[PDB]
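> no FASTA, just this:
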Ligand code: HEC
């Protein structure tokens with residue numbers, strides 16, 4: 001309940017100007033440091049054919065979902081690979097919620 005599907009358009013602007021330095025989803029761009037983020041949702045975690053995971057994400061065999069994403073922002077570390085992310089929380093929690101909905105669009 002902490003996360004509510006707001007508007008993907010609003011988050012798209014936020015993602016477009018604050019998330020292309022890595023995932024670069026661009027609907028079809030190079031994985032770069034982070035995964036395209038266009039297939040994290042689907043079967044278990046870690047399903048990028050090109051980008052590779054530390055394998056830790058695969059061992060957990062967890063499916064990434066909007067609920068799981070809430071735990072990732074609120075608590076992330078031992079649960080998933082020691083992967084380090086340049087993002088360290090967002091001052092605007094409302095804007096962060098919009099980003100979550102936008103990622104769902106990346107999967108489909
Ligand atoms: C490059 C330094 C990164 C930037 C900046 C962003 N992310 Fe990232 N992200 C990065 C890596 C190294 C990984 C892979 C870790 C793994 O094993 O999957 C990720 C992963 C995510 C995930 C899943 C959480 C996880 O499994 O660790 C999400 C949903 C995610 N990243 C979201 C996200 C958003 C909101 C960012 C821009 C707004 C963003 N990432 C930037 C590396 C980097």
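Received the coordinates, thanks. Numbers count the residues shown, from 1 in each chain.

> Residue 26: neighbouring residues, count only.
11 (other Cβ atoms under 10 Å). Yep, even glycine has a C-beta here, placed from its N, CA and C like the rest.

> Leaving out the residues flanking it, which one is nearest to it?
residue 20 (6.9 Å; Cβ to Cβ, 6 or more residues apart in numbering).

> Wait, that neighbour touches residue 33, no?
No: between residue 20 and residue 33 there is no contact, the gap being 11.5 Å when judged by Cβ atoms under 8 Å.

> So which residues of this structure form helices?
8-18, 56-60, 66-74, 93-107 (DSSP state H).

> other SSEs contacting the last one?
Which is helix 93-107. With contacts defined as 3 or more Cβ pairs under 8 Å, 6 or more residues apart in numbering; DSSP states H and E, the packing partners of helix 93-107 are helix 8-18, helix 66-74.

> what angle do that helix and helix 8-18 make?
Between helix 93-107 and helix 8-18, the angle comes out at 90 degrees (axes from the mean of the first three to the mean of the last three Cα atoms, to 10 degrees).

> And for the third one?
Relative orientation of helix 66-74 and helix 8-18, computed by the same axes, to 10 degrees: 40 degrees.

> Residues contacting helix 66-74, please?
2-3, 5, 62, 79-80, 89, 96, 100-101, 103-104 (Cβ atoms under 8 Å, 6 or more residues apart in numbering).

> Count the neighbours of the residue nearest to residue 26 for me.
Residue 20 - counted by other Cβ under 10 Å - has 13 other residues nearby.

> circling back: would you reformat the helices and strands packed on helix 93-107 as TSV and include mean neighbour count and distance to the ligand?
Converted to TSV, the helices and strands packed on helix 93-107 look like this (neighbours: other Cβ atoms under 10 Å; distance: least, Cβ to the nearest ligand atom, whole Å):
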stretch	mean neighbour count	distance to the ligand
helix 8-18	15	5
helix 66-74	14	5
